[PDB]
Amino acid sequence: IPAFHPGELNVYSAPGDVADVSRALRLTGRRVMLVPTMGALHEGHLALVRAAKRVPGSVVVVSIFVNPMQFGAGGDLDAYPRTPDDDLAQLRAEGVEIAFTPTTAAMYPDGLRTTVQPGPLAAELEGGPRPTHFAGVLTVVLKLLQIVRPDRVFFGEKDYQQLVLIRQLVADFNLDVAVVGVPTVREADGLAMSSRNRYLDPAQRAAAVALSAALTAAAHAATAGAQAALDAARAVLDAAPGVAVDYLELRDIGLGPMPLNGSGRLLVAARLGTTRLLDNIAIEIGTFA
């Protein structure tokens, strides 16, 4: 129904409009790629966009929606950064053909009625301080997937637990979509890019390099075992000024009811002032490579 100008950025706010356009495109043979974001786009988001872009004959749909359901009480929702103008400009510069920018009313016309209940993983790690956070994420992603019906959906490895939960959602509900995890984009010194980084002042920005330095040190110390790996990361974090560690955990790659055996993920969350930063890295125990 709505107009679609190829080669140009087409912005649709109505779920029905992007649904009709996606369907039409899909019918002509083009493969639909979906990159779900909450706006305030930076180089990390662009890596996802570029990963989607390189899929042969694909049309990229980037959704921008600050999902109220994944925010807990507080001014977290009001505090989330919003920079619409820069966002669309960057999408246009990346050659993205579709931006989906829905209203809260169009996504939640009936408030929170039917929702997604994540499995046990949602209550741990990031879910500890926010028991309802991932139910909000999976509910909106399921909706986005039903609206856009993409062949592949892209998520960053930076938010590893979120990526694992999306894989669980897709597997558990038999969703016909491929989940593509994209490697974390980092600043020159290793800091994982994140919109929350804008809240780090000069001193905090300097100290924040400790998360990634700790993780990479652990990844290399891992030839000596799990204890060596964790102790190396702890030492780096402990030597960092003003870094308060929330958690530092080594888990199996699925983060589930499975012990660590050889391959794993080391995850860290720490507070620098009021800014909570996260990072994670692949870990191989007893492997020199």
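C-alpha atoms forming the largest set that superposes within 1.5 Å between two forms make up the rigid core. Quick note: we count residues from 1 along the sequence shown, nothing fancier.
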Next on the checklist: Aligning on the core, I want to see which stretch wanders more in 9 other deposited structures of this protein. Is it 254-262 or 29-37 by C-alpha RMS?
Outcome noted: 254-262
Checklist entry - Is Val96 left out in a third or more of the other entries? => result no
Next on the checklist: Check this for me: in at least a third of the other entries compared, is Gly181 absent while its neighbours are modelled?
Outcome noted: no
Checklist entry - Would 145-153 or 125-133 have the larger average of its C-alpha temperature factors, as given in the entry? => result 125-133
Checklist entry - If you average the CA temperature factors over each stretch, which comes out higher, 40-48 or 254-262? => result 254-262
Item to check | Highest-ranked of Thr184, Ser195, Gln161, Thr114 once sorted by CA temperature factor in the record | outcome: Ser195
Checklist entry - If you compare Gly190, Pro202, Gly119, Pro109, which has the highest Cα B-factor in the entry? => result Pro202
Item to check | Within-chain third of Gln227 by Cα B-factor, per the entry | outcome: lowest
Next on the checklist: Is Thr274 in the lowest, middle or highest third of its chain when residues are ranked by C-alpha B-factor?
Outcome noted: highest
Next on the checklist: Ranking the modelled residues of this chain by C-alpha B-factor as given in the entry, is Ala244 in the lowest, middle or highest third?
Outcome noted: highest
Checklist entry - Thinking about Cα B factors across the chain, which third does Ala24 belong to? => result highest
Checklist entry - Thinking about Cα B factors across the chain, which third does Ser58 belong to? => result highest
